[PDB]
$ cat structure_15.cif   # mmCIF, C-alpha atoms and all ligand atoms
data_input
loop_
_atom_site.label_atom_id
_atom_site.label_comp_id
_atom_site.auth_asym_id
_atom_site.auth_seq_id
_atom_site.Cartn_x
_atom_site.Cartn_y
_atom_site.Cartn_z
CA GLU A 1 26.98 0.67 -2.34
CA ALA A 2 25.52 -0.86 -5.56
CA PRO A 3 24.80 1.44 -8.58
CA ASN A 4 21.08 2.09 -9.17
CA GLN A 5 20.83 1.07 -12.84
CA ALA A 6 17.03 1.71 -12.98
CA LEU A 7 15.63 3.29 -16.21
CA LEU A 8 13.75 6.61 -15.91
CA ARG A 9 11.19 6.71 -18.72
CA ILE A 10 10.30 10.15 -20.11
CA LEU A 11 6.84 9.96 -21.75
CA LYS A 12 5.42 12.41 -24.30
CA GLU A 13 2.13 14.27 -23.50
CA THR A 14 0.78 13.02 -26.90
CA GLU A 15 1.45 9.35 -25.84
CA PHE A 16 -1.36 9.35 -23.24
CA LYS A 17 -5.02 10.51 -22.91
CA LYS A 18 -6.49 11.80 -19.54
CA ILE A 19 -10.00 10.30 -19.22
CA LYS A 20 -11.17 11.91 -15.88
CA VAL A 21 -10.12 13.07 -12.37
CA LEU A 22 -10.10 10.46 -9.55
CA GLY A 23 -9.35 12.90 -6.71
CA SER A 24 -7.77 16.19 -5.61
CA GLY A 25 -6.00 17.41 -2.44
CA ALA A 26 -2.94 19.20 -0.97
CA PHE A 27 -0.40 18.23 -3.73
CA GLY A 28 -2.35 18.74 -6.99
CA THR A 29 -4.61 16.07 -8.58
CA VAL A 30 -4.68 12.30 -9.48
CA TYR A 31 -6.20 11.43 -12.89
CA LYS A 32 -7.43 8.22 -14.60
CA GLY A 33 -6.11 7.75 -18.18
CA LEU A 34 -4.73 5.61 -21.00
CA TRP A 35 -1.14 5.35 -22.25
CA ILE A 36 -0.83 4.39 -25.96
CA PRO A 37 2.98 4.03 -26.51
CA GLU A 38 4.55 4.75 -29.99
CA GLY A 39 3.01 2.41 -32.63
CA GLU A 40 2.79 -0.49 -30.13
CA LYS A 41 -0.99 -1.25 -30.58
CA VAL A 42 -1.50 -1.27 -26.72
CA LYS A 43 -3.65 0.75 -24.31
CA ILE A 44 -2.27 0.82 -20.77
CA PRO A 45 -4.76 2.01 -18.05
CA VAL A 46 -2.78 4.56 -16.04
CA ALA A 47 -2.94 6.87 -13.01
CA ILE A 48 -1.44 10.32 -13.58
CA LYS A 49 -0.38 12.33 -10.47
CA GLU A 50 0.32 16.15 -10.77
CA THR A 51 4.68 25.14 -10.74
CA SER A 52 7.32 25.89 -8.07
CA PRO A 53 10.99 24.66 -7.89
CA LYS A 54 10.43 23.23 -4.33
CA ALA A 55 7.40 21.04 -5.26
CA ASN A 56 9.19 19.60 -8.38
CA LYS A 57 12.10 18.43 -6.19
CA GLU A 58 9.70 16.39 -3.98
CA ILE A 59 7.80 14.84 -6.93
CA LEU A 60 11.14 13.94 -8.63
CA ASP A 61 12.33 12.38 -5.32
CA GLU A 62 9.25 10.11 -5.34
CA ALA A 63 9.90 9.34 -9.08
CA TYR A 64 13.47 8.30 -8.14
CA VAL A 65 12.29 5.85 -5.40
CA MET A 66 9.27 4.58 -7.44
CA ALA A 67 11.39 3.86 -10.60
CA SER A 68 13.85 1.87 -8.42
CA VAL A 69 11.28 -0.77 -7.37
CA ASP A 70 10.13 -3.95 -9.10
CA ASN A 71 7.88 -6.35 -7.10
CA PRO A 72 4.37 -7.81 -7.59
CA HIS A 73 3.27 -6.19 -4.28
CA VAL A 74 4.86 -2.71 -4.80
CA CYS A 75 3.71 0.07 -7.22
CA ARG A 76 6.44 0.90 -9.84
CA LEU A 77 6.71 4.16 -11.82
CA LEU A 78 5.86 3.65 -15.52
CA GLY A 79 7.38 7.03 -16.33
CA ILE A 80 7.29 10.82 -16.00
CA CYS A 81 5.97 13.45 -18.37
CA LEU A 82 8.03 16.64 -18.30
CA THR A 83 5.26 19.21 -18.82
CA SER A 84 5.16 22.69 -17.24
CA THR A 85 3.64 20.94 -14.14
CA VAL A 86 5.68 17.58 -14.14
CA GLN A 87 3.63 14.41 -13.63
CA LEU A 88 4.15 10.78 -12.50
CA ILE A 89 2.60 8.03 -14.66
CA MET A 90 1.64 4.92 -12.70
CA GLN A 91 -0.44 1.75 -13.12
CA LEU A 92 -4.21 2.30 -12.61
CA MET A 93 -5.23 0.45 -9.42
CA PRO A 94 -8.94 0.33 -10.41
CA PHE A 95 -10.39 -0.43 -6.95
CA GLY A 96 -8.58 2.48 -5.17
CA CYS A 97 -6.96 2.30 -1.73
CA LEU A 98 -7.46 -0.57 0.73
CA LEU A 99 -8.68 1.74 3.50
CA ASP A 100 -11.74 2.90 1.51
CA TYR A 101 -12.22 -0.58 0.01
CA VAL A 102 -12.67 -2.26 3.45
CA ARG A 103 -15.09 0.53 4.51
CA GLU A 104 -17.13 0.25 1.26
CA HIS A 105 -17.14 -3.60 1.12
CA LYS A 106 -17.13 -4.88 4.83
CA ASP A 107 -20.23 -7.07 4.14
CA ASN A 108 -18.38 -9.10 1.43
CA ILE A 109 -14.90 -9.12 2.99
CA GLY A 110 -14.09 -12.58 4.31
CA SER A 111 -11.18 -13.98 6.38
CA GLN A 112 -9.38 -15.36 3.26
CA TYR A 113 -9.23 -11.86 1.69
CA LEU A 114 -8.06 -10.18 4.96
CA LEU A 115 -5.26 -12.70 5.65
CA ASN A 116 -4.16 -12.79 1.97
CA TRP A 117 -3.85 -8.94 2.00
CA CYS A 118 -1.68 -9.25 5.19
CA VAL A 119 0.62 -11.78 3.35
CA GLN A 120 0.82 -9.49 0.29
CA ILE A 121 1.66 -6.40 2.38
CA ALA A 122 4.35 -8.33 4.31
CA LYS A 123 5.82 -9.58 0.94
CA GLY A 124 5.97 -6.01 -0.48
CA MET A 125 7.41 -4.71 2.76
CA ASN A 126 10.02 -7.50 2.86
CA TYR A 127 10.97 -6.55 -0.76
CA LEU A 128 11.51 -2.89 0.30
CA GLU A 129 13.71 -4.30 3.13
CA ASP A 130 15.76 -6.35 0.57
CA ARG A 131 16.16 -3.11 -1.48
CA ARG A 132 17.29 -1.36 1.82
CA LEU A 133 14.23 1.01 1.59
CA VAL A 134 12.41 2.37 4.66
CA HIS A 135 8.80 3.35 3.67
CA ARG A 136 8.18 5.81 6.60
CA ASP A 137 4.42 6.04 5.66
CA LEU A 138 2.90 2.55 5.54
CA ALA A 139 -0.91 2.71 6.24
CA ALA A 140 -4.04 1.15 4.64
CA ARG A 141 -4.52 4.44 2.69
CA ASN A 142 -1.14 3.71 0.98
CA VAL A 143 -2.01 0.15 -0.11
CA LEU A 144 -3.88 0.06 -3.45
CA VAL A 145 -6.18 -2.56 -4.94
CA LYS A 146 -5.44 -3.77 -8.53
CA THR A 147 -8.12 -6.51 -8.05
CA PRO A 148 -9.78 -7.59 -4.69
CA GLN A 149 -7.28 -10.50 -4.75
CA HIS A 150 -4.19 -8.35 -5.51
CA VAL A 151 -2.93 -5.37 -3.46
CA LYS A 152 0.28 -3.23 -3.73
CA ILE A 153 2.21 -0.80 -1.47
CA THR A 154 2.45 2.75 -2.86
CA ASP A 155 3.06 6.41 -1.83
CA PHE A 156 6.80 6.97 -1.62
CA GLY A 157 8.21 10.47 -1.05
CA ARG A 158 8.78 9.77 2.62
CA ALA A 159 10.74 6.61 1.60
CA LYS A 160 14.51 6.81 2.35
CA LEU A 161 17.60 4.48 2.74
CA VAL A 162 3.97 13.33 10.01
CA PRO A 163 1.72 10.18 10.41
CA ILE A 164 1.88 9.97 14.27
CA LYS A 165 -0.79 7.24 14.78
CA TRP A 166 1.08 4.79 12.42
CA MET A 167 4.54 5.57 13.89
CA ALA A 168 6.81 3.60 16.16
CA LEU A 169 7.54 5.31 19.52
CA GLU A 170 11.29 5.87 18.54
CA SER A 171 10.07 7.66 15.39
CA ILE A 172 7.80 10.03 17.41
CA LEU A 173 10.38 10.69 20.18
CA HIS A 174 13.75 10.55 18.32
CA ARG A 175 12.87 10.64 14.56
CA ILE A 176 14.46 7.13 14.23
CA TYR A 177 13.12 5.23 11.20
CA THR A 178 14.15 1.62 10.54
CA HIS A 179 12.61 -1.45 8.75
CA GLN A 180 11.49 -2.37 12.32
CA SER A 181 9.67 0.97 12.60
CA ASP A 182 7.89 0.02 9.28
CA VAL A 183 6.84 -3.18 11.18
CA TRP A 184 4.99 -0.92 13.75
CA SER A 185 3.12 0.76 10.85
CA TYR A 186 2.42 -2.73 9.48
CA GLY A 187 0.69 -3.69 12.79
CA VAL A 188 -1.48 -0.51 12.58
CA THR A 189 -2.29 -1.27 8.89
CA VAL A 190 -3.46 -4.82 9.88
CA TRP A 191 -5.54 -3.27 12.66
CA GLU A 192 -7.13 -0.89 10.09
CA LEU A 193 -8.10 -3.95 7.95
CA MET A 194 -9.37 -6.12 10.83
CA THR A 195 -11.62 -3.23 11.99
CA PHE A 196 -12.90 -2.60 8.39
CA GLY A 197 -11.30 0.86 8.31
CA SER A 198 -11.50 2.24 11.84
CA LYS A 199 -9.40 5.36 12.60
CA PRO A 200 -6.56 4.41 15.08
CA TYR A 201 -6.87 6.17 18.47
CA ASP A 202 -10.07 7.96 17.34
CA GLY A 203 -10.56 11.34 19.03
CA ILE A 204 -7.17 11.24 20.82
CA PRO A 205 -4.94 14.16 19.58
CA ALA A 206 -1.54 13.26 18.01
CA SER A 207 0.30 15.12 20.87
CA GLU A 208 -1.20 12.66 23.44
CA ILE A 209 -0.17 9.50 21.39
CA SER A 210 3.54 9.55 22.41
CA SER A 211 2.62 9.61 26.16
CA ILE A 212 -0.21 7.04 25.69
CA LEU A 213 2.22 4.54 24.04
CA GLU A 214 4.83 5.22 26.80
CA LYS A 215 2.24 4.14 29.48
CA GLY A 216 1.80 0.74 27.74
CA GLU A 217 -1.50 1.41 25.90
CA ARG A 218 -2.02 -0.13 22.41
CA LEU A 219 -4.82 -0.33 19.80
CA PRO A 220 -7.63 -2.69 21.01
CA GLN A 221 -8.32 -6.28 19.86
CA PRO A 222 -10.75 -6.05 16.86
CA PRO A 223 -13.92 -8.18 17.39
CA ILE A 224 -13.14 -10.51 14.42
CA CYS A 225 -9.58 -11.21 15.72
CA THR A 226 -8.57 -14.31 17.52
CA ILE A 227 -5.80 -13.96 20.15
CA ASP A 228 -3.55 -15.56 17.44
CA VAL A 229 -3.97 -12.55 15.02
CA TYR A 230 -4.01 -9.87 17.85
CA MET A 231 -0.79 -11.42 19.30
CA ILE A 232 0.97 -10.63 15.94
CA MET A 233 -0.39 -7.00 16.00
CA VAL A 234 0.78 -6.56 19.59
CA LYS A 235 4.31 -7.95 18.78
CA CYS A 236 4.65 -5.17 16.06
CA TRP A 237 4.06 -2.64 18.90
CA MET A 238 6.88 -3.64 21.27
CA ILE A 239 9.18 -0.88 22.64
CA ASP A 240 12.31 -2.92 21.62
CA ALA A 241 12.30 -2.64 17.80
CA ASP A 242 14.40 -5.85 17.55
CA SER A 243 11.72 -7.70 19.57
CA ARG A 244 9.16 -6.95 16.80
CA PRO A 245 8.69 -9.60 14.05
CA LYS A 246 10.63 -9.34 10.78
CA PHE A 247 8.57 -9.03 7.59
CA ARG A 248 9.83 -12.50 6.44
CA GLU A 249 8.29 -13.95 9.70
CA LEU A 250 5.01 -12.01 9.01
CA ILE A 251 4.69 -13.65 5.53
CA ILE A 252 5.17 -17.10 7.18
CA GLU A 253 2.73 -16.37 10.10
CA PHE A 254 -0.06 -14.99 7.90
CA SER A 255 0.42 -17.76 5.23
CA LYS A 256 -0.03 -20.53 7.81
CA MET A 257 -3.22 -18.67 8.86
CA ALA A 258 -4.47 -18.06 5.28
CA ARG A 259 -4.55 -21.90 4.87
CA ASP A 260 -7.31 -22.13 7.54
CA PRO A 261 -8.79 -18.59 7.63
CA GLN A 262 -11.90 -19.36 9.79
CA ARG A 263 -9.60 -20.61 12.63
CA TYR A 264 -7.98 -17.14 12.84
CA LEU A 265 -10.76 -14.68 11.90
CA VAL A 266 -14.39 -14.94 13.05
CA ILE A 267 -16.69 -13.15 10.56
CA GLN A 268 -20.52 -13.62 10.57
CA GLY A 269 -21.43 -14.98 7.12
CA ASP A 270 -17.85 -15.95 6.09
CA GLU A 271 -17.37 -18.05 2.85
CA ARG A 272 -20.96 -17.05 1.74
CA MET A 273 -19.28 -13.70 0.71
CA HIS A 274 -17.90 -12.93 -2.81
CA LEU A 275 -15.82 -10.01 -4.24
CA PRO A 276 -15.34 -9.18 -8.02
CA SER A 277 -13.01 -11.68 -9.82
CA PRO A 278 -11.24 -11.38 -13.25
CA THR A 279 -13.50 -14.45 -14.14
CA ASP A 280 -16.75 -12.35 -13.72
CA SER A 281 -18.98 -10.62 -16.35
CA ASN A 282 -18.04 -7.01 -17.29
CA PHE A 283 -15.10 -6.97 -14.74
CA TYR A 284 -13.19 -4.78 -17.31
CA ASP A 285 -13.43 1.10 -26.58
CA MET A 286 -11.20 -1.36 -24.66
CA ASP A 287 -9.82 -3.54 -27.50
CA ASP A 288 -6.00 -3.52 -27.20
CA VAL A 289 -5.94 -2.77 -23.43
CA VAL A 290 -3.03 -4.51 -21.59
CA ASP A 291 -2.47 -4.09 -17.84
CA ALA A 292 0.92 -2.49 -16.94
CA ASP A 293 1.96 -5.77 -15.22
CA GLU A 294 1.83 -7.43 -18.71
CA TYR A 295 3.50 -4.49 -20.51
CA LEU A 296 7.24 -5.11 -20.20
CA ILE A 297 10.16 -3.38 -22.04
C1 LIG B 301 -7.57 12.24 -3.41
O1 LIG B 301 -7.80 10.82 -3.29
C2 LIG B 301 -7.97 10.12 -4.54
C3 LIG B 301 -6.68 9.35 -4.91
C4 LIG B 301 -6.90 8.50 -6.17
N1 LIG B 301 -8.03 7.56 -5.93
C5 LIG B 301 -8.08 6.51 -6.86
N2 LIG B 301 -9.26 5.98 -7.20
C6 LIG B 301 -9.36 4.99 -8.08
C7 LIG B 301 -8.18 4.48 -8.64
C8 LIG B 301 -6.93 5.00 -8.25
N3 LIG B 301 -5.76 4.49 -8.85
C9 LIG B 301 -4.43 4.76 -8.50
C10 LIG B 301 -4.09 5.73 -7.57
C11 LIG B 301 -2.75 5.93 -7.23
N4 LIG B 301 -2.13 6.78 -6.35
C12 LIG B 301 -0.80 6.51 -6.40
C13 LIG B 301 0.11 7.35 -5.61
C14 LIG B 301 -0.25 8.62 -5.10
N5 LIG B 301 0.77 9.10 -4.47
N6 LIG B 301 1.82 8.17 -4.54
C15 LIG B 301 1.41 7.10 -5.25
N7 LIG B 301 -0.53 5.56 -7.29
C16 LIG B 301 -1.72 5.16 -7.84
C17 LIG B 301 -2.14 4.21 -8.77
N8 LIG B 301 -3.43 4.06 -9.08
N9 LIG B 301 -6.93 6.02 -7.36
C18 LIG B 301 -9.31 8.27 -5.69
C19 LIG B 301 -9.20 9.19 -4.46
#

$ encode --input "structure_15.cif" --output "structure tokens"
Amino acid sequence: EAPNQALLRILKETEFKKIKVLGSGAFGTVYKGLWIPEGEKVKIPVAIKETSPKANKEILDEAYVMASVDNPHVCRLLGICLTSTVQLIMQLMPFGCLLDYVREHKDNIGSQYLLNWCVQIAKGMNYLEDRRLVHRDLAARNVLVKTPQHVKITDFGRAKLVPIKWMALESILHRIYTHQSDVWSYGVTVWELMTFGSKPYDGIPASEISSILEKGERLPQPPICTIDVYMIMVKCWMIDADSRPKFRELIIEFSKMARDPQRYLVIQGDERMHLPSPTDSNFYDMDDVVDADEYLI
């Protein structure tokens, strides 16, 4: 195997300023902040995720995976700060996760945006495949929005070399995880987008899922989906993992479709819709602010 020559950046507490809290849960808490490196004259908008020996192992495992990735459609680790707590420093994805974005903005989400997101997720996913990485937790909650036109896959820590309703049948029954099992999760993610954030198999308990899938039952055709789009979702949900599409085929399929979006997704009021663009008023003291994607070293 090839040596992982990735750089792990240790960042000083004094190098960054926590602005506020974005959310809390069963891990610690995610903060919004600014990273002002050395005497660089730059302000990088960051997301800071944050004592027991067991919990530090898990967060450092995610740091390992996250520092080993470099792709426009994957979230890379900027660095770690070795405080008493130990925290990951990541790029601020100002618009939050895709799941909540589609729920909050359904009325302005057109076919072009939906299909483009599908292309972007397949591209990120294909990159993880090139890097021999199996996500093991791909879902719309784990896809973040930098801008409405640019999304990235995040949330490693399950990534190697339980979310039942996003899992391939082999993963539920035999704990087998492959790039082809990530394809099943991809199908579910697409379904989450096409339904503007509906919960998969709503009301059905996780213990019933395995047996439901075994019978031949799958997530239903979302109203906006043409048989063309639903056919791709269904192919991701085949029993034979090798029968499922490959992420490189998903990029191709969705790209062809993103060239004529209205032929593949039927949305009342399509094209008349508009989401915030980096060419809009007050889209962004913020003098020397540089996005992490433009801060290289
Ligand atoms: C408890 O739920 C919270 C999670 C953070 N959320 C959020 N709102 C706005 C921007 C943003 N930016 C952001 C979040 C990130 N979360 C990750 C991440 C978390 N675990 N693994 C990766 N990377 C990130 C990069 N930017 N996040 C609000 C709800």

$ residues_around --input "structure_15.cif" --residues "residue 249 of chain A" --least-positions-apart "5" --cutoff "12 Å" --atoms "only C-alpha atoms" --output "list in words"
residues 118, 119, 122, 123, 125, 126, 183, 232, 235, 236, 244, 254, 255 and 256 of chain A

$ closest_residue --input "structure_15.cif" --among "A:162, A:134, A:257, A:11" --to "residue 88 of chain A" --atoms "all atoms listed in the file"
A:11

$ residues_near_ligand --input "structure_15.cif" --ligand "ligand LIG 301 (chain B)" --cutoff "6 Å" --atoms "all atoms listed in the file" --output "JSON, numbers by chain"
{"A": [22, 23, 24, 25, 30, 47, 90, 91, 92, 93, 94, 95, 96, 154, 155, 156]}

$ atom_distance --input "structure_15.cif" --atom1 "atom CA of residue 62 of chain A" --atom2 "atom CA of residue 160 of chain A"
9.9 Å

$ closest_residue --input "structure_15.cif" --among "A:14, A:83, A:142, A:243" --to "residue 101 of chain A" --atoms "all atoms listed in the file"
A:142

$ residues_near_point --input "structure_15.cif" --point "(0.7, 0.3, -18.2)" --cutoff "10 Å" --atoms "only C-alpha atoms" --output "JSON, numbers by chain"
{"A": [34, 35, 36, 37, 42, 43, 44, 45, 46, 47, 77, 78, 79, 89, 90, 91, 92, 289, 290, 291, 292, 293, 294, 295, 296]}

$ closest_residue --input "structure_15.cif" --among "A:82, A:121, A:239, A:114" --to "residue 153 of chain A" --atoms "all atoms listed in the file"
A:121

$ residues_around --input "structure_15.cif" --residues "segment 105-111 of chain A" --least-positions-apart "3" --cutoff "10 Å" --atoms "only C-alpha atoms" --output "VMD selection string"
chain A and resid 100 to 102 114 to 117 148 193 to 197 224 to 225 257 to 258 260 to 276

$ residues_around --input "structure_15.cif" --residues "residue 51 of chain A" --least-positions-apart "6" --cutoff "9 Å" --atoms "all atoms listed in the file" --output "ChimeraX atom specification"
/A:84-86

$ atom_distance --input "structure_15.cif" --atom1 "atom CA of residue 15 of chain A" --atom2 "atom CA of residue 48 of chain A"
12.6 Å
